[PDB]
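Going in written order, the chains are labelled A, B, C, D, E, F, G and H, and every chain counts its residues from 1.
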């Protein structure tokens, strides 16, 4: 029960785990998910770039 | 183990209506308390009990 | 395996058990509920605390003696100082509630006696001195039972309630109090009395300090007795639980 | 997983989940929902770490002895028992009968000894641990033919390597290991009384295959036991009194708990 | 009374008043001297965390 | 017309009635039965006396006093001298049984007390003197109750069992004996305790003299009390009935 | 002849055994089976919560 | 990946991507294309190395102590905290709450000590590292029964081998580890203030299973922490002032930045 995933490039690297605990697993280095509109733009009413902010 | 962050609460008992007994029956009784866990009880992170000590290997 | 004698009432944090009882006497056949949009006047949205207000508040115990005439507790004023029922009651101009009144009194097989547990809607009481009206401190007793009198109260220049039990402090016949929802605690067969009072009033909501809509009265019709040896201290404990309490008109706290 | 709480409301019936008769020898099954208004809560809590395998399956030191490079104590011997250590013994004794496989790990460690011996330049020490099942010939010296282990199992381990480990089956004659035994070994209700009538696992000998140096060296073998694939029956009260002997229940009476003052004191003293 | 069966008895008596306190102990199933040596408290002493409800059956 | 309080147990010649009780506590949820061909080792055919062995043997009565610490009866050894159960037990190397233990104790409405009736599988007991093991005559009492001690037994150079009740003679907490099948005889609600023990052991059959697999213990947690006038002599009678007794390995009689 | 089982979480871990004896195998950490009505409630006649125990 | 620039040309409208009102508490999203003529560029640049896992997932030394062959310091103990080291503490403190698994690597190193002791010929040292969760019995000597670890987890490691390593779960009671705590431990708003009210991870003891030689030897255990499988919430300003305590925010005030001369000086001073 292996898992072939991609390597970091600019191939694949097969992986199998041997331990019964998920804590015994390797780090999760390949999660490039992102969402800055929690911090950049946490405003209630939408702010459009091309429009005057205060109208 | 104790920690005030992890404080639990207090269990108290009070007389609601005093103990009424007839004549010729004892006026001082006893109550017994029993402790069991409910269906949602669970314990975590295994360690050694502080309740069993040893100075030398028993013989 | 059942029994008409067993019971268990759960309201909020509190549960109440009985191993000897009669039915639960439900108000005027009415079980308490909230105010309808059809019957409402106050346009502001109510606070209905729920589990915080409608729960079992056990006031002070009182001692039943071979010579006790009776006792009475006004209703909004009794719990006026108890928990969050008393708080909401102070911050709010208007309030509305029903109750589950559980009067508890246990004796033994060698003890005898019989109490009338009534709920008198609007127990407007009289004064000892005919010209005056009793004082607020004479009619009311917060969580501390006010007691009836064995014999006529003297009409000086007082504002004393005319407490003689046989007239119930209302100028009526105490034996006819049986029209108001009630039960009896005949020590021979009973152990407690439970009365579920619905909201009785001519207005949808009223102020809880200015007007006490119901008055609980515990009057012993057949006196406590027992032969020597039989335990002498027989207390009566009153446990009341608000039911479907709403509060309209929020402002600062108090009454004035 | 653990059970979730059900959303409860008020009640006014003759149903009494709270009143019972504890004389029946039956534990009540009341839950918060029965004596109060509960909210629905979803329990994801798991009782995984409290299974009997997780409780017992952890290496515990059960005993340890020493043997030397020279002198009289040149080889060691230990009659196998889990009762010499307070810690593991007490966990196993939560149950009357236990059945399991064992994982043996040994931590053998040597220490140079004080001598007037000059020019010491030790060679690597290799140790031999040998099991003599009940009945086989026993080593009477570091060099009796017995150490050939033609049929007895034995581990040869050179220092500096990973701890020697092997597993063992459920070696009992009974369909379960008996933790307690309220009986004798003789039909005349005489002789031995208790669990020792049952303990017959044999002995374990250890020795230095080589002396290694001109100076003195003393080694200390630590035996670790780890119950794998465990089955436990008929649970019992955990041990209150401290252990006095390794062969019997002998205890010195001690009080039920520690104390505090009044039954009203919210604090241990 | 801890060195006796009295540790187990909760004294109840016929008073000259109600509202009196019968007993009182904190909610610490593994720590309080009351619960620490119970079937629940001994098991709890082999673990670091705990969660759940508890039933106190009074007879 | 039924009642959870009534009972009648018929085993052989004997029948047992109860007019006040709790359920029958069945061993570890297991009801006694015979040994299966799957679990058997002894190849010889067994003797299963039936009605002659599996019947109600009522041992001696014991007196419950305001100061009694408790009592204990080893199990195969108690009935070792009683009837045909004791006979088969002597002529046979191996034996296997379960029991229906009925502890009886009736007082009145003015009496109080509460006994713990347990069945401790393998009650291996300790010695007063830490170096020795109790004597066979100190641990065992055929049909005559052996009793616990009020206070610590002195550790001389004896072979006395360390009887202090609070440690149950096993170095445990007497209040945790509740894991072993049990019942309580609260004189207030009870009249007797019935426990049906299945065969508990790590071997399919064992010798009945050399090993006592179960030990019955009656330890009063709340002492006998009564006001003067209330009858003082309150006895406890123990009635045990073997269940599904088989015997393998016949030879001459005895133990040695 | 491998066996892919689940890890402890809040994945999988493949396992193969190399030894001829079952005693040489790893512990059985994932058996969360349970039955307290051997000890809690070992009564002959059923006891319903909402009903009076003694009737 | 990073966003590519769009080819832009001239503009002459009432659209103002550059003028805003920063009072809104909203960060502007202007890009080069908005305030100039841009060329199309294809960005293959990746923000892979700046994910929270890559930032935090690297072994950092969090603490280290020493124990000896003889004397008083024969075993060591450390109450677990990531706050004794400036480096790892500061990275974790970029977030208010963090949740993660840990990878523990220990680098145990020994040094021979100065003595008048003649004929030293050390034997290989084996060390034992033991974890005592909050509540368990603590070793009061190098030889208290406590070191049996019948239930406590512990690593036995012989010198010269690869560094002992094991991973640990998210051991918190809360649904996330709290890095900061603006509160007390007592409801009377008293007692402890701050994160220490929350730190209760237990202690870590280490010792020499064997002395090994006649001469003195002192060992130094270095504990390394590596947050695997990390989740971090509510970010905050990186620590400016230097750390003063390991249990509290206590800082000594320092200026906003370093200086230069005039607001016109293109160079740091």
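Heads up, the rule we're going with is that contacts are C-beta pairs under 8 Å (C-beta built on N, C-alpha and C of every residue); 3 or more make two chains touch, one makes a residue touch a chain.
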Handout entry: Path length in steps (a step moves to a chain that is touched) from chain A to chain F
Key = 2
Problem - Steps needed, at minimum, to go from chain C to chain H via contacts - result: 2
Practice task
Check B-E against F-G and say which one is joined by more contacting C-beta pairs.
Solution key: B-E
Completion exercise
For the pair chain B and chain H, the C-alpha centroid-to-centroid distance in angstrom is 41
Handout entry: chain B and chain C: spacing of chain centres that average the CA atoms, whole Å
Key = 37
Problem - Computed distance of Cα centres, chain E from chain A, in Å - result: 51
Problem - Length of the line joining the C-alpha centres of chain E and chain F, rounded to whole Å - result: 29
Handout entry: Touching two or more other chains - residue numbers and ranges from chain B
Key = 1, 10, 16-22, 24-25, 27, 29-30, 32, 34, 36, 38, 40-51, 53-54
Fill in the blank from the handout: Where chain F touches two or more other chains simultaneously, the residues are 4, 22-23, 25, 28, 114, 166, 173-176, 178-179, 181, 184, 186, 189, 221-222
Problem - Two or more partner chains touched - positions in chain G - result: 8, 10, 29-30, 39-40, 42-43, 47, 51-55
Exercise for the section: Spell out the residues on chain B that touch chain F in their complex, using ranges where they run on. Expected result: 22, 24-26, 29-30, 32, 34
Problem - Contact footprint of chain F on chain E as seen in their complex - result: 3-5, 7-9, 37-39, 42, 59
Problem - chain E-touching residues of chain H, taken from the complex the two chains share - result: 133-135, 151, 173, 202
Handout entry: Partner chain H, residues of chain B touching it in the complex
Key = 1, 3-7, 45-50, 53-55
Problem - Complex contact set, residues of chain D against chain F - result: 21-26, 96-97, 174-178, 180-190, 192-195, 234-241, 244-245, 248-257
